[PDB]
Each structure stands twice: as structure tokens, then as C-alpha cells.
Amino acid sequence: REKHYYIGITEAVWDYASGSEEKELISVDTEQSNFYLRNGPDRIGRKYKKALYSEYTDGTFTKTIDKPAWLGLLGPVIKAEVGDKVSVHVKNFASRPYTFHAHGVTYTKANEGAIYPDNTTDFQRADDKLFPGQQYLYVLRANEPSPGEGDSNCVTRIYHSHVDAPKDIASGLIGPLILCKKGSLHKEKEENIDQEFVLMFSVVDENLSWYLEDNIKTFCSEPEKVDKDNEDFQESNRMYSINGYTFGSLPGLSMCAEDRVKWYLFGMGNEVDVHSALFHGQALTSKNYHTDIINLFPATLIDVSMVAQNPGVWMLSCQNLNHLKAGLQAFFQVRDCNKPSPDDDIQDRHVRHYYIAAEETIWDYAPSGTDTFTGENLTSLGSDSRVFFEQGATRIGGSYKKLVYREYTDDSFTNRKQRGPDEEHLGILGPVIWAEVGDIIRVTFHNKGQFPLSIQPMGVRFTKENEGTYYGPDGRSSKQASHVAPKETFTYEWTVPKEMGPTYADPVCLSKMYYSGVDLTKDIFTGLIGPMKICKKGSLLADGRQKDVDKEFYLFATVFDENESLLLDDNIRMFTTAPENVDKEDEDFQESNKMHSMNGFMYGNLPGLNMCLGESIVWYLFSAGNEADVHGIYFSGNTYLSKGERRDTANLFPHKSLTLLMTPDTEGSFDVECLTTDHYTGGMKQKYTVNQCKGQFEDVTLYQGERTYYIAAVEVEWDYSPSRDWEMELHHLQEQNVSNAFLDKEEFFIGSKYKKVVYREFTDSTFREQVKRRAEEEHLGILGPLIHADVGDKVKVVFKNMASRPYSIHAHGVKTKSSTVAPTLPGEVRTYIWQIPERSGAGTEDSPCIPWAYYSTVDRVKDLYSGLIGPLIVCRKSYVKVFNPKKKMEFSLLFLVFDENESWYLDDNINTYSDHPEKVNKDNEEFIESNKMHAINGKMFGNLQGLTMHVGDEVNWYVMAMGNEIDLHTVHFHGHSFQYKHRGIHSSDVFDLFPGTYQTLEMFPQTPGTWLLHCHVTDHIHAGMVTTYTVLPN
Ligand SMILES: [Ca+2]
Ligand SMILES: [Cu+2]
Ligand SMILES: [Cu+2]
Ligand SMILES: [Cu+2]
Ligand SMILES: [Cu+2]
Ligand SMILES: [Cu+2]
Ligand code: NA
């Protein structure tokens, strides 16, 4: 279809609380409320000026069309079906240059709506910058791999200005392009959908807007008492919002019961935006998999379905805790329009009645007081583990009073039900609640604590009465469910109807959690968290095991803020011997009580994780917390399959829950750990053990071929950005001046060139000749040599250490002989046996070539940041089969903010490169900035080159990301979409990366021009994690 959309960039004042409330929110008092919505002299408050898209009838732009209540500040909705030509008529009524850049959709270089160096001119910059008053036509065609085969009828896509996109997004220009299949739409609305909504979780940083100057003068009553760097002031401008509606203010979300609702969600913003949206007491599914949470990061695109049940009014919170108490809340209002309900009638309805008590104890994050890994007493002088565990003056140290759930046999909470053999790993986790689809869970809860508590589950049904978090006004009579008094008892009825359990395509049993629901921002962190496990009808033994599985495990990787324990007070009394000197707001104090743990154990001390070779293992993982609970739970040595995909590493977030299926092949003592730099060094690393419980020769199956890459570790001047002309043209085009923290040399600072240790390939085993880097290998940079392998091989890596301290080399997915890597001393040279079984390459639903990282493992963290990272691709042994022409290209992309401050080569870096080596205060955080290098494949600001291809090629992009907590990255390709999974059943143009995420992205280029490739997180675009790839016209 040929479609037209009239959209105008007007300027206006946007109210982030739109009256008149005066609601009852979770973990929010009016002090919180005020921090953000008072209001000068030194505070802008609750209304700001923003530039916003608006819909009109004509290209006269003389009458408008009202944007629905619930849209808030978002531009109007552009629906497009496949092959439609959409003509977006724009008029810039605002006071500055803006644009209209679309996403899941095809456009020439003069319908992009975006401005960078792309080699373009004159006729192709009419898109790139609409000056004030100018009108423009943006021509869109719905002609990518548009929605996937396995994607649903319509998917979430966005549009926004791209002059300085963070600053244009901040300023209010952002809106939804819903993208549907040919031809799902009857009268602009998906056939057989009753309700269509769009939501944005933006932490909308109004400090970054173009309208701060205009906003401080207009709203701050005394504008020279306004240090724009006032830590506090800045944070007073961070509107934790849903369509720009902070604190429960989002209006217009009402739906009749039994309505089919599509929700078109997306993240937007910066490092701070680690969302975790929850639609309270409601049925969710994404791609015919159940989802309880919906995480969203910057520009994370995703749709979901819901049949709206349970008339009433419910919270749509985000359970990132720091987000939650900055009021990232809103309500949706499920009607009782009296539609007839299709009631099965699940036969044979079973009742799982549990007896749990909340009570007190001391933990003992380290029973052993040592590091099973390094061997050391955790408190040794200089150790990274000391900080957390140190005791005396104003440091609590190693043990904390915690409330924790525990199981009792019955009614009278008198006999326990003692922690059995395999339940040894649970630790701080409460007892597992479990059920089948159709059941009726009940939980008799008794409190034996100082404070009042509850049990809020995740992903079961509960009537209003049973809801264990309080909020309103929602019409609740009893507050008893939500508030249980420090020695009271309540019970506690949940149902588990079909829609809350796992689907057709889902695993057997879903990973879930239950927590205490009074004040989430303290009760979970206090120890009030247990695992839950809802399973398919009859998939469970009457004892509660999965019918065909040997061992089940549970893991809760969270960072335990004791800092917000209900009992911080109680602990400062009970364990500091200068309690009067305890400054609760002292950074260095706060650190002491951040127990980076798994099941509340640290530095190797988790018992229970024990299994025999080749057993059916089913791991259930979950997490909770805030934007520093990004995780990569990597099992060394073994891998798992989850919904037909193969990895070894679990990316976890607040209220995320993963079910992993594993059958473990190599025998030994292997490492569960968080790849996230800080969690490792801070003690998030445990052990599991595969034992020989019969055997019994010593190989239990297979291998075939044998390949020999000659690799070497060396040791070189790495410039991160040798030209600057790209950066220079960028900033000249946007008319910005800007100097750069990282790159500019300053007085005392480094800039761009740093000594690093890179992997390289060598020809013989003499290493006198280093392989020359090809021409379509030249895009790799800091990466080591590409390593191909096929489902069957073995890989000899012969590794010389042409470096100056012990390194190693090893790869994810890959298999070896038993649970150990060998170090490789300088000058010395060594061989590694990487086996490549069935469990190292694609799974059912994986596309055939899948990448992994190979990296040093002397010092996981310091080695990795120093330069030692590479790609290993593990392709399925194809065929006798097909012949006649293909064409094909490959690109490995590694997204990493390289912490040069962690380099072994830092000393030498500083001495060598800085103008004055004396002025370098190493803890200076002007400096910890200059040396955080934001880069794709070790290169920045268009100095990652020879991403080059031709129209009609078949490109596989091997994207990976490693590193810290800051290293969440969102990959966006301008011009083109892509697919993932085998064949290409899911399409998107933003792929979400964290440390331990590796994925093959199938792209089919088709448009001549030079196109941009950024991380969509605001800090990283601006830091220089960006480049272009060129597509050429045959
Ligand atoms: Ca352009
Ligand atoms: Cu959030
Ligand atoms: Cu974008
Ligand atoms: Cu990024
Ligand atoms: Cu784009
Ligand atoms: Cu962009
Ligand atoms: Na404010």
C-alpha cells in the first residue's frame, strides 16, 4: 500500500506527573516523590520544555490528531505492512535542526534522516538536517527481512531524530513504528487484537536535552545556585518514566477482561537503563515462550501478548530496584466488561500446601573464610576479597544477621524439614515452591522477625486479596496479605492456570522466584528470596523431581547490598566495635557490605553443586537488584541448551529467570562464575563437580579430524584511534565543538596509544613468520586470529608466549580433557587440545556457524583488558550437498569498553605516553575516565575499517561482548535489518549484548551507500563505540 503520515516537530512543556495524584506506590515516600518533582531555586521540578513529534491531517499542518492518553510524549504511531511505501511528510516547527530516522525499514541514503560521514553530498543531505521551519519528505519502504517467520504478526520498531541522537532523544523526539506482516491489518489494527499499546522505559535524562538552558532559566527560581554538575541536581533531572510518566502517572491503560492485548515495548537511553518491566498478576508470552519479566535496555525492541484477566487495577512496575523507588510505576486498569470466558476445566487439580517461616540467622558468606580458587584467607593484606570481608573499626566484614525463609513440616512451626543432600547448594535461598500446570499452590506463612513481611511470587495467579505487595488506590479491603505482622501468620492461595505455566515450545519446568513484598528495595537484599518452579501437567514426581531428570540446581546471582538490609542497623551494633564512627554514606563503607554472591556464597565456598558424568542436569537460574546486576553465569568446560540454542554463559538481570538443560560430558572440578569483571574480582565464582558414578572405560563417546593453528601472544603499540578526521567531520556536521575525555591528551593524560598484548597467528611452529592480515580480515583489529572448526574436529593450538608474563589460551563451547588450563611462561611454547563435539556447535534452532570467545585465563580480567581476546566459530559439518554459486562474507565484532586502568601494561603506559608522569594520580577519576576506551574490536570513531561488502552478499556478523557491568551494549545497523536463529526466523535491528553474549547475525545487504553501526547506549555513542560499514552496487 502507498501510505502517508503528516508529522510535525513542535516545541512544548511536558508534564511528567499530569495531576492529580496522590497515589500509593511501592517503596516510595513523598521525600522520593519530591526529589524529582520539587521545584526551584536549585531544581527544575516536574515540568520541562521538550521538542516532540505530532500528527496532522494535511501537509498544510493546520489541524492535528490527538495522540492517545497513554502515548504520553511519544510521537504518533506509524503502522506499516510488508512492501508498503510509507511517505512521512515532516515540518520542523521547533527552534533547531532535527530529523526523522526510521528503523525496521528500507531507505536510500537520502531518506535515512541522519547525519555522519557517509561520503554523501548535496542531494543526499536533505534527509540529514531539517533546519527550523523547513519541510521534508522521508520515503520508507517495508522491504527488509521484515517481520521474522517466528516473530509475531506485528513487531516494535521506533523512529527518532538523529542529529545528535542521544540529545535529540533526550529532547523528546522518539516514536513508534509498528511493523506488520503483509497483510495482518484491518483498518490500521491487527485482525483479532482488541488492544494495542506502546511503552518506553527511558530514564529520560532531561540534563542531556537541548532544553536545559531554556529549562533552568524558566523554572529554577534562583539560576546561579545551579551547578549543572551538582551530583544531586543532575539526578533531579532523571525522570524514571513510562512514556514520560513518572510515579504512577501514566493514564489511559484500560482493557476488558478476556481481551487479546498486544504490548509493544522498548528501552531507550543510557547505562542507567537496565529495565525489567513486570505486568503484575498477568499472563505473558514472547515468541511462544512464557515471559514473567520483559527486560529492556537502550533501543531493545520487543512485542508480547496478553489475555487480560483478573478485573481490578494492577501495577506495571519495573523491578530494577533503584528504578522502582525513583517511581518507575504505573497502573493499568483491567475492566470487567463481562465477556464470556473459555473455561477449561483442567482435569485432576492438585494442591501443593507449603509451610514456610521467615526467621533470622547469621550468614557467613564464607564458611571456610578462604578462597577455594586462590587458596588465600580472604583477609590477606592487599587482596581484592579483603575489602568485603575486612573487620574492625567501621567495617562489619564477613557475617550479617539476615532474615531468611525456611521450611516447616506443618501448621505448628515446631519441626523443620531439614536441608537434605542435594539441597546443600541452596544456601540463603528459601525452599523451592513447585507445582504443575492446573494446580493450586498454598503457602502458610509465619513471621519470626523484627519487621513486617509477606510473600510475593512471580508468574502465578493471585486474586487481589492474596497480593503480597501493597499499592493503590486499587480497592483492596484487607491489607493482611501484603503486611504480615512480626509474629503473625497468613495463608496464601495462588492458582497456576495454563497461561502462567510453560508453553508448547518452552522447557519442561520454568525458572521463577518468590520474595517478600513489603519493601522490595530492602526485603530481597535482607535474605527474603526463594526459588519457584512451575512445570507442565504430569511432568513431576510426587516427591517433586522432574520425571526424567537426575539432578536439579538453583542459582541466584545477585549483588547483596547489606547497605539496604532491614538489619544494617542491627549489624552495625552487632559487628562494628566503633559503631558511632560508622558513616552509612561513605563510599568505602558501602563497598564493605556489597556481597557479590551466588546463593549467598562467595569466593568458591558454595557446596552442593555435584553431579555424575552424563546425567540429565537441569539448572534453574535467576537474579534480582539494580543496574549493576548484569551478569554472565559461565560454566567452564560444559554447555547447555535452552529453547534450542547453545551457549555456556547465562546473561542475567533483575527478575530474569533462565531454565538450562545440560548433560555433562567431561569429568572434574569446573567453575560457575560471572564473567562481569567486578563480580569475579568481588567473589562471584563457585565450583561444580562431575564425578564418575559408574564410568567406565574413560571417554564415554566421540571425535573425527585434527587441525593446527599456530597462535602467539604479543605485545605492541595499539593506537585506539589513529585518525581523528571522522570524529572531526561528525562534530562539524552536528555543529558541536566538544573535546573528548578518552582521546584528547590534555596536560597530564594519555589519550589514544597504549601498550597491549594481542593474540596473533603464525605460520610454522618456529614463529619467525607472523601471518599477514588479509583484506577482509583487516576489520578484526585488536581481535586475535579467527579460528574456524567444524562439528567433529579437534583443534591443536600451538601457542607461543611472545610476551612478558604468564598468559594462556582457551575457548567457550570447546571441550578439553579435565578441569584445568595450563599457564604459558614468556618465551616458552605450548599445545592445547580443543575437542569440538556435538555439544560445541549449533543446536536444533541455532544457525550453523556460532561463535565463541577464546581469551587468556591466567588472570581472567587483567589479561582480557590487556588485549587478549579472539573469535572461535564452530560450524556444522554440512554435507555431501549443495554446489552451484553462493557468495558469502564474515565479520567478527567485539563490543568492549577496554578498562586500560586494569592493564598489566598500565605502569609502562603511563611512564611512556603522558606529558608529565608525576601528575598522574592513579585513583583520580578524571583519569579512570581517560583510560576507559569505548570500542568495537579495539577501535573508535570510524577507525574500524573494511567492513565492506556488496549488494546481494550473505553476511554473517559474529557479534560478541565482554567485560564489566558498564559493558551492556545494543547493536544497531543503519540501513539494514538482520535475522538470527537457524534459517532466519527472528528479525530485528538492534541486538542486545552483555558479557558472555555471542551471536550470529544473518544480514542480506541490498542498498548501496555507507552506513552507520553504533551501540545505542547514550554514553557509548558519545564515547566513540561507533563505525560505518559500506555496501556496494555489484
Ligand atoms: Ca543521508
Ligand atoms: Cu527500570
Ligand atoms: Cu535508533
Ligand atoms: Cu554499548
Ligand atoms: Cu537506525
Ligand atoms: Cu543511529
Ligand atoms: Na527535577
# chains A, B, ... in the order shown; residues from 1 in each chain; ligands from 1
call {"tool": "residues_near_ligand", "arguments": {"ligand": "ligand 3", "cutoff": "7 Å", "atoms": "only C-alpha atoms and all ligand atoms", "output": "PyMOL selection string"}}
result
chain A and resi 103+158-160+299+1016
call {"tool": "residues_near_ligand", "arguments": {"ligand": "ligand 7", "cutoff": "10 Å", "atoms": "only C-alpha atoms and all ligand atoms", "output": "PyMOL selection string"}}
result
chain A and resi 16+34-40+42-48+206-207+219-220+232-239
call {"tool": "closest_atom_pairs", "arguments": {"of": "chain A", "to": "ligand 6", "cutoff": "8 Å", "atoms": "only C-alpha atoms and all ligand atoms", "output": "Markdown table"}}
result
| residue | atom | partner | partner_atom_place_in_ligand_line | distance |
| --- | --- | --- | --- | --- |
| A:101 | CA | ligand 6 | 1 (Cu) | 7.8 |
| A:114 | CA | ligand 6 | 1 (Cu) | 7.3 |
| A:162 | CA | ligand 6 | 1 (Cu) | 6.3 |
| A:165 | CA | ligand 6 | 1 (Cu) | 6.9 |
| A:972 | CA | ligand 6 | 1 (Cu) | 6.9 |
| A:973 | CA | ligand 6 | 1 (Cu) | 7.6 |
| A:974 | CA | ligand 6 | 1 (Cu) | 6.2 |
| A:1012 | CA | ligand 6 | 1 (Cu) | 6.9 |
| A:1013 | CA | ligand 6 | 1 (Cu) | 7.4 |
| A:1014 | CA | ligand 6 | 1 (Cu) | 6.5 |
| A:1016 | CA | ligand 6 | 1 (Cu) | 7.1 |
call {"tool": "write_last_selection", "arguments": {"atoms": "N, CA and C atoms", "output": "compact mmCIF listing (two decimals), in the first residue's frame"}}
result
# COMPACT_ATOMS: atom_id res chain seq x y z
N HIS A 101 14.42 9.55 11.48
CA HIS A 101 15.19 8.38 11.08
C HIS A 101 14.36 7.18 11.47
N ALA A 114 19.54 11.21 8.99
CA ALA A 114 20.69 11.10 9.90
C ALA A 114 21.99 11.56 9.30
N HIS A 162 18.08 11.99 14.41
CA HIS A 162 19.46 11.53 14.51
C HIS A 162 20.40 12.67 14.08
N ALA A 165 21.71 12.05 18.34
CA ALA A 165 20.52 11.23 18.67
C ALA A 165 20.27 11.10 20.16
N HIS A 972 23.14 -1.73 16.72
CA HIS A 972 22.26 -1.21 15.68
C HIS A 972 23.01 -0.89 14.40
N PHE A 973 22.46 -1.46 13.33
CA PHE A 973 22.96 -1.28 12.00
C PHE A 973 21.99 -0.34 11.31
N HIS A 974 22.53 0.76 10.79
CA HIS A 974 21.73 1.65 9.93
C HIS A 974 21.53 1.01 8.55
N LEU A 1012 26.03 3.47 9.09
CA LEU A 1012 26.49 3.55 10.46
C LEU A 1012 26.17 2.30 11.36
N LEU A 1013 27.09 2.01 12.26
CA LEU A 1013 26.97 0.88 13.16
C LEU A 1013 27.36 1.35 14.56
N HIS A 1014 26.35 1.71 15.38
CA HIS A 1014 26.60 2.09 16.78
C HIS A 1014 25.98 1.15 17.78
N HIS A 1016 23.62 1.58 20.82
CA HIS A 1016 22.54 2.61 21.02
C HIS A 1016 22.48 3.17 22.43
call {"tool": "residues_near_ligand", "arguments": {"ligand": "ligand 2", "cutoff": "10 Å", "atoms": "only C-alpha atoms and all ligand atoms", "output": "PyMOL selection string"}}
result
chain A and resi 201-203+240-242+267+272-278+295-297+317-329+626-627+654
call {"tool": "closest_residue", "arguments": {"among": "A:371, A:1025, A:268, A:1011", "to": "ligand 5", "atoms": "only C-alpha atoms and all ligand atoms"}}
result
A:1011
call {"tool": "atom_distance", "arguments": {"atom1": "atom CA of residue 87 of chain A", "atom2": "atom CA of residue 59 of chain A"}}
result
11.4 Å
call {"tool": "residues_near_ligand", "arguments": {"ligand": "ligand 4", "cutoff": "8 Å", "atoms": "only C-alpha atoms and all ligand atoms", "output": "NGL selection string"}}
result
:A and (895-897 or 934 or 967-971 or 1014-1017 or 1019-1021 or 1025)
call {"tool": "closest_residue", "arguments": {"among": "A:507, A:369, A:104, A:527", "to": "residue 539 of chain A", "atoms": "only C-alpha atoms"}}
result
A:507
